[PDB]
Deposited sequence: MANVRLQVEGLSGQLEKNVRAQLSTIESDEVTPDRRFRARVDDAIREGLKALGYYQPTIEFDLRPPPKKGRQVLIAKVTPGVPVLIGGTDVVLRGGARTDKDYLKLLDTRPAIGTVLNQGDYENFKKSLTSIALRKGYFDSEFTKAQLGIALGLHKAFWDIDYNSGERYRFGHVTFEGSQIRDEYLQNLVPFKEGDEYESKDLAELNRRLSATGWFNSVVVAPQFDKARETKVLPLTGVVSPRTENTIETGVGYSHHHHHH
């Protein structure tokens, strides 16, 4: 069993997380082992801005860790190109960046990149790409600098929805589609299309597949909705009996 001394809060939690990965109570080393522990502690600390800790062990095994000098945010440079430049959700995201002079948290940078992609997926920026995405650490300055250059491209629009397998005439299905052809894509519209088809009770199964290989030149996304007619599921005990004797 191993116990960490010298950390207060999120540092301490992240480091305990990192440590609760390797085995403890067992038959194990003393120097090769505590050099795995040493590595794991340093990994946790780096993620939270501490690249130059001091760590010292004892005897259960207790590790005296002093975080040391932090790396501070020196800049959070992000360029947005394509629709994202003027897109209200991407602009809101820029305002979440950490302030200059705060202690580096690497997770902020990674979560920011993931948020760029998450918005792109929800709003149909399917040509989304990074031409730059670096976290640069100048340890001699104890400063960290983001460098993201992100191009969302254009928002895709919905195309025509083709239905297959239906017992229902097409004009009645089309009436259920919750967008017009030519509307900008939103992921929630696929959920609503599912919900509307579902609410009719017409089908046993519905599979709605965006046809993306039809969309890269046009930025218009057709959908194909393959359905199966609902069949009656009741307890068959109407049929009478032969003579019992």
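Asks: What ranges of the deposited sequence are left out of this structure?
Replies: Residues missing from the model, as numbered along the full deposited sequence, span 1-4, 64-72, 259-261.
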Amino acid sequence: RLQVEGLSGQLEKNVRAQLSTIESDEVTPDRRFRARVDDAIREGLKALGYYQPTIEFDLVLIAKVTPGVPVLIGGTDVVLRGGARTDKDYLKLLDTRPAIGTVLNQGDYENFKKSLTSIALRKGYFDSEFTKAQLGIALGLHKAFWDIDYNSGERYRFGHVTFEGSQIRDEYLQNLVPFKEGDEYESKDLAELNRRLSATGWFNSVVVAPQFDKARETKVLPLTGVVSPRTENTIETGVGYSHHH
From here on, numbers count along this sequence of modelled residues.
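Asks: Higher average CA B factor in the deposited record is what I'm after, so tell me if that's 66-74 or 36-44.
Replies: Looking at the record's C-alpha B-factors, the answer is 36-44.
Asks: Quick one: higher average CA temperature factor, 148-156 or 94-102?
Replies: Looking at the record's C-alpha B-factors, the answer is 94-102.
Asks: Per the PDB entry, which option out of 189, 217, 183, 30 has the greatest Cα B factor?
Replies: Comparing C-alpha B-factors across 189, 217, 183, 30, the maximum falls on 30.
Asks: Could you tell me which third, lowest, middle or highest, the C-alpha B-factor of residue 202 occupies within its chain?
Replies: Lowest third of the chain for residue 202's C-alpha B-factor.
Asks: Please rank the C-alpha B-factors of the chain's modelled residues and tell me whether residue 222 sits in the lowest, middle or highest third.
Replies: Lowest third, going by the recorded CA B-factors of the chain.
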